[PDB]
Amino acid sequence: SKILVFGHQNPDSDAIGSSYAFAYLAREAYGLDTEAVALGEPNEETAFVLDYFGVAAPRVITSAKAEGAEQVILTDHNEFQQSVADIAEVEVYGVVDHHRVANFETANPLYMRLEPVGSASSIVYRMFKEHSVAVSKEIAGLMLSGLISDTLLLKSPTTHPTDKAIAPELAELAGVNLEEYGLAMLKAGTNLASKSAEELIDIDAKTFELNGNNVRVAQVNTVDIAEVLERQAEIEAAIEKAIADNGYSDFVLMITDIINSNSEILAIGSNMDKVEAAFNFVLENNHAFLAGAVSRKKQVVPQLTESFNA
């Protein structure tokens, strides 16, 4: 049976790029019978990436067992609630990630390669180099895009020196001008006007279990926070519906200005006091400004984890 390689639910560019690239690396370098798949359709930014390099989106699955798989390799995630529905029924052969670890356990030893760098694609690319496996233009393009996507063109505080070193290498392999391509790709993911309120709050959203509470943290990239706030009423309605249908304790939406590097936080839930403590602010009409925030893994999750536990 093939070993399925995939990123998290609501995959982003890095999730798609890292799983596609690692599935290939695992075949060439480790002789594993892998297959890259996805848990969701590409969102707009990734659609731009796939079209630019001429790569088909990995097929979407809903059950690892239904595919006949016995083993899986996770990229860009490790928390079970962010993975395939029946993740508990298959063996986790390996994990390549750059996120915090939680709600993850195995009965047996496994392979894990985690680094606190800008993207999982960055880790995968460096693994290509260490194993002397040639990187095609298409794979370079997808990995480069994952890196650019997750670090907002190397300016996010999650950007590691090693990310800055490999970006130009990947751009060369991908046949693109790093800044020219990067800016175009990032802009492709800021067209929120084409999305309904219910769609926008689930484009890039993950669930975190904080002290027994299921907290949904969503993020959207924009070039104008004010414009998004003009739709506050409809967004709040969508959020309330999401909370009711999924049983979340709280919903935190990051409206991220990727040009100026700040996020307006729109939150609704039963633990707003914990949200305010985490962000050192006071919500007014369900929102407040979080200066300098662009990263969920570095500027939202650690803080919420701490506030919910104390």
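One rule holds for the numbers: they count along the sequence shown, beginning at 1.
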item: Of 294 to 302 and 21 to 29, the stretch whose C-alpha atoms average the higher B-factor in the entry; value: 21 to 29
item: Entry-level comparison of average CA B-factors, 99 to 107 and 235 to 243, reporting the higher stretch; value: 235 to 243
item: Highest-ranked of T62, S263, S270, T46 once sorted by CA temperature factor in the record; value: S270
item: Candidate set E79, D86, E115, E230 [ranked by C-alpha B-factor, highest]; value: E230
item: Where the record places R126 (Cα B-factor, split into thirds across the chain); value: middle
item: Ranked C-alpha temperature factor of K187 among modelled chain residues, by third; value: highest
item: Chain-relative CA temperature factor third for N211; value: highest
item: Within-chain third of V5 by Cα B-factor, per the entry; value: lowest
item: Lowest, middle or highest third - CA B-factor, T162; value: middle
